[PDB]
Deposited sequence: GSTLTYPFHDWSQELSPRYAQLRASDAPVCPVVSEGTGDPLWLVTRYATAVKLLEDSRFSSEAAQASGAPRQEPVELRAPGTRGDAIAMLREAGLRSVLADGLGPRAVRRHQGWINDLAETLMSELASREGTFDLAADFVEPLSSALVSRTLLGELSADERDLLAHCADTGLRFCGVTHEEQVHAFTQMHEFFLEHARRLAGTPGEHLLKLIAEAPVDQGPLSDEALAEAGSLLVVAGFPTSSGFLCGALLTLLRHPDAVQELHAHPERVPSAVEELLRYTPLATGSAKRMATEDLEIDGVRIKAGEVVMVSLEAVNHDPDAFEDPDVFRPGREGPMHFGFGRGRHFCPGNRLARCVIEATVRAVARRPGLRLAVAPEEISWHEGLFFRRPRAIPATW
C-alpha cells in the first residue's frame, strides 16, 4: 500500500526509510506512484550487500524497456536502447572506460580541477556581499568537469540545454510525461548532431576516447554514450557537490578540523559520500529467476530497489548514522553503490569533491547567508539539488 518515492526532496530523509528498516521484513513491498508497478524495497545494509553482490539480480533487466519501475517515464529516447554503459562494455571498451575514468584520468585532470576550485572560491571571497554557491561555484565546476573530462567543450547554451534535459527527464514529478520523454529525445538528437564534433576536438575527454576506439560505433551508439555521460555525470555531480557544501557549512567544527589537519580531508570526502543524500529514488535490480533474499521469495521478473541513502543511514552499520563524523571508521559506504555496478565515475567524483572540500577548508568562516530551512529545493529530481545556496564570509 505504501507508494514510492517518499517525496523527501530536501536533505531531510523521509522517516519511512527508518520505519521500513526497523520493520520485521528485510524486504518490503511498495507501489510505484508513477506507474502503479509493485516493487520491493531494501533499506538495510546487510541485505543490500547480499542483493547488489548477487548477479542473478540484474541491473540491465531492471533498466530495460517494459520493466516494472519506479520512474514515471522510460529513461531513454523512444526508439533507442538506453543501455549505453552495457553497450560500451559490450563492444569491448572496458579498457577505454578505465583510461578515461580511472586513476590516469584523475592524474591528467586533478591539476586544473583544483586550480578552478580555488579560482572560483577566490573570486567569491573577493566579492562584497553574498553569493550563490550553486550558480557561482558548483555549476562552473561541474560544467567544466563534464566538458573537459566527459563530452568535450560545450558552449554555455549547450551546457544549459543538456542540464535542462537532464533536470526534466530525471524526475519523479513536476513535468508532464510527454515533456519528460521529449527531454530524452532532445538530448539524443543533440548528440546525433554534435557527438562526432565534440569527440573530434582536442583533449582526452572520454567521448573522444570512445569514438576513436577500435571495435565503427554508429552515430546512434555514440549519441547514447553522450546521453549516458550527461545523465550519469552531470546532475549527480552538481547535486552532490551542492549537498556536500550544505553539509560542510552546517558543520563548522568539522571544517575547522580540516583546516588545521588537511590530511584528514579524504576521510571527510568519504563521510560526505555516506552522509549527504543524493538520489530520491533507489538503485534497483530485476530477479532473473526465482530468488530468495533473507527468507523472502522474489519471483523472476520482480524488481528489488535498494535505497542507498537508507543503507548509508543504517544504525546497524554506522553508529549514530545521522551524525556527520569524518573518520568514523565503520564499513564501506554505499554512496557509489556496491558490486559490479559500482560507480565508474567514482575517481573523478572523488577528485572534484576533494577539490571542493579543500577549497572550503582553506577558507574558514564561509557560512550560509540564510537558515538551512530557508533553502529552496528543486522538487521531484532524482538527484537532490537546491535552487540556490546563499553564502558569505
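In this entry, the deposited residues absent from the coordinate set span 1-2, 218-220.
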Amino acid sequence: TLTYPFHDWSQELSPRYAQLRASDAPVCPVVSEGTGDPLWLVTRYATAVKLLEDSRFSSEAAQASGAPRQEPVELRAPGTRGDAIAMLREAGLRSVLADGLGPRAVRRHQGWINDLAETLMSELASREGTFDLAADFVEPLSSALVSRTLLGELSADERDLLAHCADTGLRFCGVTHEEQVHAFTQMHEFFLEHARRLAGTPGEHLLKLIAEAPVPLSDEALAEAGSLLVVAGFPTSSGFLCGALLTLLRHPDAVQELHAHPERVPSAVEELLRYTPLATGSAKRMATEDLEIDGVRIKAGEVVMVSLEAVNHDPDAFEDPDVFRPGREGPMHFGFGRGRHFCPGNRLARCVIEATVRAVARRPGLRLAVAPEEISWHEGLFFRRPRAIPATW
From here on, numbers count along this sequence of modelled residues.
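For the two regions 221-229 and 80-88, the entry's Cα B-factors average higher over 80-88.
In this crystal structure, the stretch out of 206-214 and 310-318 whose C-alpha atoms carry the higher mean B factor is 206-214.
Going by the entry's values, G365 shows the largest Cα B-factor out of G337, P344, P68, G365.
For the set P72, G200, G243, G281, the PDB entry assigns the largest Cα B-factor to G200. Looking at the C-alpha B-factors along this chain, the one for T47 belongs to the highest third. For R56, the recorded CA temperature factor ranks within the lowest third of the chain's modelled residues.
The entry lists a Cα temperature factor for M305 that places it in the lowest third of the chain's modelled residues. Per the deposited record, the Cα B-factor of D37 falls in the middle third when ranked against the other modelled residues of its chain. When the modelled residues of the chain are ordered by C-alpha B-factor, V31 sits in the middle third.
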